[PDB]
Amino acid sequence: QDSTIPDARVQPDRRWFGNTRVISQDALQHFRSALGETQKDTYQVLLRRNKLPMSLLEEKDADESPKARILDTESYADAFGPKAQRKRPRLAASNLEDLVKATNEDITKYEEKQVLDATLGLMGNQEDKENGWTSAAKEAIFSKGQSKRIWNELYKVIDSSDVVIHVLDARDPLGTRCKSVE
Amino acid sequence: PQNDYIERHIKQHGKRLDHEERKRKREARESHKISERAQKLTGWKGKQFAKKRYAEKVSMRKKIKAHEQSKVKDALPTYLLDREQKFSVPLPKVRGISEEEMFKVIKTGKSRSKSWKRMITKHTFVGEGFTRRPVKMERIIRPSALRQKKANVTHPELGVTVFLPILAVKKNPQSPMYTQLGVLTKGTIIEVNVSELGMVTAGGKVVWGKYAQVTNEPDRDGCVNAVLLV
Amino acid sequence: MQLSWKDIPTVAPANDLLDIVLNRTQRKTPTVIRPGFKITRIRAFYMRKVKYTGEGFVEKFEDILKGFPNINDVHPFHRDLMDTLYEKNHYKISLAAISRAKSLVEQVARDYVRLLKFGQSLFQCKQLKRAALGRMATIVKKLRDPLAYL
Amino acid sequence: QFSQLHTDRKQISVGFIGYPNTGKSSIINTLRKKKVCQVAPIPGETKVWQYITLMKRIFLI
Amino acid sequence: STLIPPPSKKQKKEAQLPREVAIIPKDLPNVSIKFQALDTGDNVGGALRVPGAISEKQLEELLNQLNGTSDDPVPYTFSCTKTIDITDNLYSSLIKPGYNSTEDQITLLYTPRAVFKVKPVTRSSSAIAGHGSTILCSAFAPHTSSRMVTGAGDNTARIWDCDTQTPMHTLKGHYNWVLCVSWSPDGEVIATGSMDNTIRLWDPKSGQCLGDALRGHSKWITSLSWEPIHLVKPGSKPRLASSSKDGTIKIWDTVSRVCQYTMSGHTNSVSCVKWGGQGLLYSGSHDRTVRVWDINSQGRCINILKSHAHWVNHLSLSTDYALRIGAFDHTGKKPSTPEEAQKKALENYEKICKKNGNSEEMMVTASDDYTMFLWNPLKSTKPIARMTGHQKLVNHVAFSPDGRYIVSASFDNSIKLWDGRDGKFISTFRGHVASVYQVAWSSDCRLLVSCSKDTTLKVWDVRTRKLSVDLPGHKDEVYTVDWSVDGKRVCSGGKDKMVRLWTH
RNA sequence: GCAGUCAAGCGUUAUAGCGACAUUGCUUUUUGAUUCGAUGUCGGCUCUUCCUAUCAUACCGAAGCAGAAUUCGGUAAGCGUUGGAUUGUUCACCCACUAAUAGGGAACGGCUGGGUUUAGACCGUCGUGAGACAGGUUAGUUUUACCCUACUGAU
Ligand SMILES: Nc1nc2c(ncn2[C@@H]2O[C@H](COP(=O)(O)OP(=O)(O)OP(=O)(O)O)[C@@H](O)[C@H]2O)c(=O)[nH]1
Ligand SMILES: [K+]
Ligand SMILES: [Mg+2]
Ligand SMILES: [Mg+2]
Ligand SMILES: [Mg+2]
């Protein structure tokens, strides 16, 4: 609690402007190959993680590319509005036979989905409001174990723990698992 | 009604008989109305009105200048055009911060008679593999809300800013004790991961770690801004 | 089905929405705080400012998002007609931008209330509150074109 | 074994987490062979954290 | 520097343990094999039994004897279908891994290769100065590897003698940046298209300018292509196709110094133009379309290909190497007569064009929608294949000189290798830490060189699909890279105002 | 917030240095998908008044405002602004009614629960110990008015 004001200076030095960490192409290749050959054992624990350029190491082949950013070519103003310059569809149909086949397929899929949601939702929630029926308020006892105080205690004990023991009930062990915490 | 029914109604029946005259007289009155608003509006509304008037006048002058200029009249490759974007540190001297400002006294006991615990009020970098000390032996407190892992680092060359992970704290200018505690204050020299910057040495080594200097107060603005020392 | 979508509330542009929400915070929350008051009172004052502004932005975004139809969920005739009229790609991209902005505003509000828990003076708490409101305003300013389109 | 793996840490802490009424307090009392943590059949008996010293280098939370 | 983890005590003991010697068993039984052509899908000889100790050279001689070309053999590469090549011998290739047993059959896919080899470039010959601004484009002469043309941002081009690594000629006719340079496929004239919306022709031997500049484009030139020698009738000079930002492609007759055709179908800026080997022109533009024009029909657009959702940045043809090389080969021999030059150019082009039944000229377009499309414009109008997987825009695409591989260099700091016939994905080349600008094959389709934004060149081995050598030395971004016809030199240029020459 | 760009100005005869309005990058990327340490003061009951930075009610202005409903804004404080659930915590959150369930000051520069709760007791952590606390639980007497003034009524 000393009240003296220190003289905070940084001296000129050429050590500030040099590279601090470098990695060779051979080392990058070795670590890229090693990332992938690891066979994790359930009885091995991580004591200390090696410092590596994981952004350069986490390269995974992907079968598909992300969608093209349409805003670069066409803006909202040209898409729709007083200054809109769009007059034709971007991807016109091949022909009217393909168009009507696609529309018939869409009609069939829409009807199937409507039946599938009419099995549960329409016979459930939607029908109740017509008669003025509202479900009773959810009881506050069922939200126990979800308070900010309890979860602050949980993050405190996790931050203080080196080993964490998750305790499961042998009657319903999958029921009593905290997957989000894990 | 469907589609542009108001426009169709205007086309079929016209407008009110005095619409044009009423609109013309209102537009003639607008100058007196603007002057009266400027002299009558008070408080925040008046200040906002003055600010908007200044902005409109600036925009009008720019439009006039552009029209007059028009009326008077990097060596990139083909695939890159039509596309857009001393060993002194930049902050040799910063404000001194005393221990009284740095630390907050935390009292313990039922009657709050013990005062041996201290809390760091500044943002910190604790590193990898950090575990909290047991509460009985925990004198220095670095709360988790104030711990930082990344910073917005501006590169002097190429004029870009990238969100980079923090590797270490090299020198806190206030004190070596703050350096080893990991305090992030203005003028602190930190080490940052520059893997996505694509830096290569003259010998072919990929650079993924360099030094940066913190140029703001994260305790004040809730974020860490730094300049990369190239 | 629904067959009509005239009951969508008015979508303000970015600057007008900013003026509405910020001036609502200024009018509807208390505005006098003194440096001589307790630090807990000062912290509560600025926490209330941040939380109220975030809630206002979020409720405007939610009113936008609930009102507009789901282009994929409607009948195929309505879907094709609205795709012809409004360019479904731009339609969904604008609504998704609104959703992303809502999530970002919520995140900023939570982070800065947590940071304001540790404020040590009126100046620091005021700086944190202004930082939160400025970050929210930058998020909202990044929605100028989608709001006009919507 | 965990203590031996962290022999350079001078102490380790083991935090017990899980659903209410799963028996964390009972397990800690079992390890200490003494009722050091309050136990009840009703959920939510434990309300705050508690440190228990099992050995000189091992703490339970 | 970050080091790999060191070996442990147990690993050191394992190393000190005695090693096993990969020896060929003397009791190795015969294996039943069937040959099969990769290009044509044809089998030769059926099921034939071969000794287990057969070498690759002996197998090659046996296959030549089976085909009946023992007097003039052509070396082949063998693979077995996973598909694994034959490196040294059959036992060490297949039986030693144990995937295929001795009793089972071996289906050997054979593929023709090049007679010669190109050594990888391992070192920088020299850093030659002379350009006052950043280097924008470069190319090698087709007839010899001792001549390089390099156009830069100081409104000039330079002809460099690569034997002594010294400047030879300065070409200072243009007014603005020299955006693109090109050499005539007969090696007679250099064509430069500049930022001042002009084109100029230069005699290289005298370092001189032929006539006045070619004018008519209202925007800057984007790409230059030459008419192929095998289509040029003897006694006449090839025509020059030019694209530009204004969206028009102009055809120039250099004999009379005139403009014959001005194609204008593109609504936006034309990215590139290519003069194919079947009397067609392929144009790619920022209007997300590819236009196929017929030169023989008064420049009438035969087809419009519309499958991309962004700017098509580049396009390439399967026979591009033969089109650029004309009649010359890697030995640098010059035909005596124009008739002989046309005939030899026709033979060289046909070597890539007419194979496995019917001649085809495949095209690949790399666009800004992170993808590529593989087309066969003569037979079908729909795209034959779609190549996806790049996470950012594909800046460059190149067909291998034999046409059996495609290489795409993207802005996601990666290169991708795809099959040339069906377009399926093969491999990814990684090691660049900044965006890859452009790429170049070697003459025998075994080595590749790429230049990147991270100031480095990289040579990759296509067969092993790994990085062969890493070449630093550029102090700033590298914009252009090229490999000589004979496979002896590589040139690179960029922001450092230096021409780097690389050799073995 | 940091780093940069532009230039209405200011400065100058050395295109040095300041610099409004604007603007770019990071925070934060496109198909509306899916709780992390407040270290020292809190909440009620009864009852009055004030502010306006107006939630409702009154009157207006604008908007693709057809009608109905709604959004933004102006004058405006005359008049209203609720009943409940929840303490293994609520520096709040849900249900409903309602015209509406607006914000705040006069404290925070009388009854009553949290709390400064001293002597009894138990558990946990630390200490060789007397004991102290990272802590957790329970039990525990402060009791005017007839004085002046103010206020309400009465001679
Ligand atoms: N049969 C059986 N009962 C057990 C066992 N362990 C605990 N219990 C019972 O389960 C109940 C829960 O005990 P606790 O120790 O309080 O469980 P907890 O997880 O600590 O619960 P909370 O403290 O309320 O969060 C107690 O009544 C125990 O008697 C066990 O191993 N076997
Ligand atoms: K319990
Ligand atoms: Mg318990
Ligand atoms: Mg008012
Ligand atoms: Mg006591």
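Residues numbered from 1 in each chain as written, not as in the entry; some residues may be left out. Chains lettered and ligands numbered in written order. Part of a larger assembly, values for the part shown. Heavy atoms only, no water.

The deposited coordinates for this entry were obtained by cryo-EM, with a reported resolution of 2.34 Å.

Chemist: So what exactly am I meant to see when it comes to the nonpolar core here?
Modeler: Most often, soluble globular proteins have nonpolar side chains that are buried together. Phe57, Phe61, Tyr112, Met136, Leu147 and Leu150 of chain C are the most contacted members of the largest nonpolar core, which has 47 residues in total. The element contributing the most residues to this core is helix α4 (residues 88-116) of chain C, with 11 residues. Core analysis: the next-biggest nonpolar cluster, separate from the first, contains 22 residues, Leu393, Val449, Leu471 and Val478 of chain E among them. (Core = buried A, V, L, I, M, F, W, Y, C linked by side-chain atoms within 4.5 Å. Buried < 20%, exposed > 50% of the residue type's maximum accessible area, 1.4 Å probe, protein only. Helix = DSSP H or I, 4+ residues; strand = E, 2+ residues; numbered from the N terminus.)

Chemist: Which parts of the structure should I look at to understand the site of ligand 1?
Modeler: Residue and element names in this part refer to chain D. Near ligand 1 you find 15 residues, and of these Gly23, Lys24, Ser26, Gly44 and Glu45 are the closest. Within the side chain of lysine 24, one N or O atom sits 2.8 Å away from an oxygen atom of ligand 1. A distance of 2.9 Å is found between an oxygen atom of ligand 1 and a side-chain nitrogen or oxygen belonging to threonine 46. For ligand 1, whose unbound accessible area comes to 640 Å², protein coverage reaches 60%. Residue classes in the shell around ligand 1 are distributed as 6 nonpolar, 7 polar and 2 charged. (Near = heavy atom within 4 Å. Polar contact = N/O pair within 3.5 Å; in protein donor to acceptor, adjacent residues only side chain to side chain. Areas by Shrake-Rupley, 256 points an atom, 1.4 Å probe, with all protein chains shown as cover. Nonpolar A, V, L, I, M, F, W, Y, C, P; charged D, E, K, R; others polar.)

Chemist: Got a minute to help me understand helix α2 (residues 24-32) of chain D in this structure?
Modeler: Residues that lie three or four places apart on an α-helix share one face, since the helix turns once every 3.6 residues. Residue and element names in this part refer to chain D. For α2, the full list of buried residues reads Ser25, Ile28 and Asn29. Down the axis of α2, the buried set is contained in an arc of 100°. They therefore lie on one face. Packing partners of the buried residues in α2 comprise β1 (12-18), β2 (52-53) and β3 (58-60). (Arc of directions from axis to C-beta. Contact = heavy atoms within 4.5 Å.)

Chemist: Sorry, what's going on with the coordination of the potassium ion (ligand 2) here?
Modeler: Octahedral six-donor coordination of a metal ideally yields angles of 90 or 180 degrees, compared with 109.5 degrees for tetrahedral four-donor coordination. Residues and elements named next belong to chain D. Here the potassium ion (ligand 2) is held by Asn21 (OD1), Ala40 (O) and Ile42 (O), and the distances to it run 2.6 to 2.7 Å. In terms of primary sequence, the donors binding the potassium ion (ligand 2) are separated according to N-x18-A-x1-I. Taken as a pair, the potassium ion (ligand 2) and the magnesium ion (ligand 3) lie 5.1 Å from each other. Of this pair, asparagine 21 sits in the loop between β1 and α2 while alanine 40 is found in the loop between α2 and β2, placing the two residues 19 residues apart along the sequence. Classification of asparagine 21 as partly exposed rests on a relative accessible area of 44%. (Donors = N, O, S within 2.8 Å, 3.2 Å for Na, K, Ca; no water.)

Chemist: What is the right way to read the protein's contact with RNA strand F from this model?
Modeler: As a matter of local geometry, RNA strand F sits amid 107 residues, with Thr108, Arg112 and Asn152 of chain B together with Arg48 and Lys117 of chain C nearest to it. Contacts to RNA strand F include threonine 215 of chain B, whose side-chain N or O atom sits 3.2 Å from a sugar or linking oxygen. Within the contact set of RNA strand F, a sugar or linking oxygen lies 3.0 Å away from a side-chain nitrogen or oxygen of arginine 100 of chain C. Ranked by the residues each element gives to the surface near RNA strand F, the list is headed by α4 of chain C, at 12 residues. Each residue belonging to the surface near RNA strand F can be placed in one class, and the counts come to 43 nonpolar, 25 polar and 39 charged.

Chemist: Teacher, can you tell me more about the interface of chain C and chain B here?
Modeler: In many analyses, interface size is given as the accessible surface area lost on bringing the parts together. Facing the 14 residues of chain C at the interface are 14 residues of chain B. In this assembly, chain C packs against chain B so that about 1100 Å² is buried in total across both faces, 62% of it on carbon and sulfur atoms. Of all residues in chain C, the largest losses of buried area upon contact with chain B belong to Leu115, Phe118 and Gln120 of chain C, amounting jointly to 41% of the total for that side. Between the two partners, chain C and chain B, sit 0 salt bridges. Taken together, the links from chain C to chain B amount to 2 residue pairs in polar contact. Secondary structure elements with two or more residues in the side of chain C that touches chain B: α1 (14-28), α4 and α5 (122-141) of chain C. (Buried area = accessible area lost by both parts, 1.4 Å probe. Salt bridge = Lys/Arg side-chain N within 4 Å of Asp/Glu carboxyl O.)

Chemist: Would you mind going over the packing of aromatic side chains with me for this structure?
Modeler: Enumeration according to the criterion identifies 18 aromatic pairs over all chains in this entry. Residues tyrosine 76 of chain A and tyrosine 149 of chain C carry aromatic rings whose centres are separated by 5.1 Å and whose planes lie at 45° to one another, so their mutual orientation is tilted. You can see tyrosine 76 of chain A sitting in helix α4 (residues 76-79) and its partner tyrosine 149 of chain C sitting in helix α6 (residues 144-149), one on each of two chains. Plain terms: the ring middles of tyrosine 51 of chain D and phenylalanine 59 of chain D are 6.5 Å apart, the flat faces sit at 70° to each other, and that makes the pair edge-to-face. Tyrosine 51 of chain D sits in the partly exposed class, given a relative accessible area of 25%. What links up through ring pairs into an aromatic cluster is the set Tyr76 and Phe80 of chain A together with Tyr86 and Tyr149 of chain C. Geometry around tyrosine 52 of chain C places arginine 24 of chain C over its ring, the cationic atom sitting 4.2 Å from the centre. The ring of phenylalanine 37 of chain C is capped by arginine 41 of chain C, whose NZ or CZ atom sits 3.9 Å from the centre of that ring. (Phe/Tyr/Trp six-rings, centres within 6.5 Å; stacked < 30°, edge-to-face > 60°. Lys NZ or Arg CZ within 6 Å of the ring centre and 35° of its normal.)

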